[PDB]
Amino acid sequence: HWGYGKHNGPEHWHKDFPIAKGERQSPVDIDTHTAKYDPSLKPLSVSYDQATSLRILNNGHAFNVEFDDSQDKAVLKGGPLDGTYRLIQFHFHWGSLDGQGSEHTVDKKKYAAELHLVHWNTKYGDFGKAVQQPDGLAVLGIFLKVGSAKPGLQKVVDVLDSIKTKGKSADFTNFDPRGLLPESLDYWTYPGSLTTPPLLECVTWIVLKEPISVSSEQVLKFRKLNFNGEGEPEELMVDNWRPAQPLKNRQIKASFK
Ligand SMILES: [Zn+2]
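Residues numbered from 1 in each chain as written, not as in the entry; some residues may be left out. Heavy atoms only, no water.

- As named in the PDB entry, the protein is Carbonic anhydrase 2, taken from Homo sapiens.
- Here the entry title, as the record gives it, is "CO2 release in human carbonic anhydrase II crystals: reveal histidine 64 and solvent dynamics".
- Comment text from UniProt for the protein, heading Subunit (literature references left out), reads "Interacts with SLC4A4. Interaction with SLC4A7 regulates SLC4A7 transporter activity. Interacts with SLC26A6 isoform 4 (via C-terminus cytoplasmic domain)."
- According to its UniProt record, the protein has this under Sequence similarities: "Belongs to the alpha-carbonic anhydrase family." (UniProt positions renumbered as here; feature names shortened; annotations may be inferred.)

So, in structure tokens, the structure goes:
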């Protein structure tokens, strides 16, 4: 029964998930001045040409676009990563207003939303095993600002009416996640966690410097989703973001000067 309400939101999670107060929690504020350029970081390799999207699901906290991860079809390699990480799903976090919604912040700036492309390390065989390992996941985080529309997002926006409430799913084949990537793959990276319960400390975060732009109409459609099930009282799915957590004994590295 965790969520984003007054009574069950991020400040309460630690009671069921004590790792909430752990040493490598996410998100964090990215202080651009203090991040260190690491000239030995490699370019990211994003290989999404063979991606197979399957379905979109409202899970009561966000919506997930799920992929076939039973073969190396859509993978992330390079950068800070050793080995091959398969895309399993992406989802967003967003606000009730354009001035909030992201999980990571940049010099304390909040974006309207944040996209998370979630990948797991193939050496661990499946996602459930990967989340038990300190190098199990790689999450590509991309900020959204409101401005021009993102054409490559529109297919997602259009299906949202069919998954308004918790537990609803819809077929979602042939969606190309390359259409959600900014021009530049410059990034920050640090070791962290899932940003929802169970908050496991299994993620290498790769946060892109360059935001993508989406339109006010597109983000409005996100805000018409519901946290609740059909036939339950309507609560808009907004402000499904965890705030910045203490950096503790971590250094954020930059791939760029
Ligand atoms: Zn997320």
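The structure having been displayed, the exposition proceeds.
### Let's talk about the UniProt feature "binding site: substrate" in the protein
Moving on, step 1. In this structure's numbering, the residues bearing the UniProt feature "binding site: substrate" are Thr-195 and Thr-196.
Moving on, step 2. Along the chain, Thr-195 falls in the loop between β12 (187–192) and β13 (203–208).
Moving on, step 3. When its relative accessible area of 5% is taken as the criterion, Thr-195 is described as buried.
Moving on, step 4. Residues within four places of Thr-195 in sequence aside, it is in contact with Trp-13, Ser-26, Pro-27, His-93, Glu-103, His-116, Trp-205 and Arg-242.
Moving on, step 5. A distance of 2.6 Å separates the side chain of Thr-195 from the side chain of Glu-103, its partner in a polar contact.
Moving on, step 6. Secondary-structure assignment places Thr-196 in the loop between β12 and β13.
Moving on, step 7. In this structure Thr-196 comes out as buried when scored by relative accessible area, which is 16%.
Moving on, step 8. What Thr-196 contacts, discounting residues up to four positions off in sequence, is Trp-2, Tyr-4, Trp-13 and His-61. (Helix = DSSP H or I, 4+ residues; strand = E, 2+ residues; numbered from the N terminus. Buried < 20%, exposed > 50% of the residue type's maximum accessible area, 1.4 Å probe, protein only. Contact = heavy atoms within 4.5 Å. Polar contact = N/O pair within 3.5 Å; in protein donor to acceptor, adjacent residues only side chain to side chain.)

### Side note on the environment of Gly-136
Moving on, step 1. Along the chain, the position of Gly-136 falls in the loop between α1 (127–130) and β10 (137–146).
Moving on, step 2. Owing to a relative accessible area of 0%, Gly-136 belongs among the buried residues under this scheme.
Moving on, step 3. Between the C-alpha atom of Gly-136 and that of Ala-74, which follows or precedes it by 62 residues, the distance is 16 Å.

### A word on the coordination of the zinc ion
Moving on, step 1. The zinc ion binds to the protein through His-91 (NE2), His-93 (NE2) and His-116 (ND1), with metal-donor distances spanning 2.0 to 2.1 Å.
Moving on, step 2. In the primary sequence, the donor residues of the zinc ion line up as H-x1-H-x22-H. Here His-116 lies in strand β9 (residues 113–121) and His-91 lies in strand β7 (residues 85–94), a separation of 25 residues in the sequence. Take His-91 and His-116: they sit in the same class, and that class is buried. (Donors = N, O, S within 2.8 Å, 3.2 Å for Na, K, Ca; no water.)

### Focus on the UniProt feature "active site" in the protein
Moving on, step 1. When the UniProt feature table is mapped onto this chain, "active site" is found at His-61.
Moving on, step 2. Inspection of the secondary structure puts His-61 in the loop between β4 (53–58) and β5 (63–67).
Moving on, step 3. Under the relative-accessibility criterion, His-61 is labelled partly exposed at 24%.
Moving on, step 4. Excluding its chain neighbours within four sequence positions, the residues that come into contact with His-61 are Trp-2, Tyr-4, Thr-196, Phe-227, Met-237 and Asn-240.

### As for the packing of aromatic side chains
Moving on, step 1. Applying the stated criterion to the full structure yields 15 aromatic pairs.
Moving on, step 2. Consider the rings of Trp-2 and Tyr-4, whose centres lie 5.9 Å apart with planes at 75 degrees: the pair is edge-to-face.
Moving on, step 3. When the ring of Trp-188 is compared with that of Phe-256, the centres are 5.6 Å apart and the planes differ by 65 degrees; the resulting orientation is edge-to-face. A residue pair is termed long-range when its members are at least 10 positions apart, and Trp-188 in strand β12 and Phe-256 in the segment after β15 (253–254) qualify at 68 residues.
Moving on, step 4. One aromatic cluster is present, formed by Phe-63, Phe-67, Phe-90, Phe-92, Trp-94, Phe-172, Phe-175 and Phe-222 through successive ring pairs.
Moving on, step 5. If you follow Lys-109 out to its NZ or CZ, it ends over the ring of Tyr-111, 5.1 Å from the centre.
Moving on, step 6. Here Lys-209 stacks its cationic end above the ring of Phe-256, 5.7 Å away from the centre of that ring. (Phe/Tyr/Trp six-rings, centres within 6.5 Å; stacked < 30°, edge-to-face > 60°. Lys NZ or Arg CZ within 6 Å of the ring centre and 35° of its normal.)

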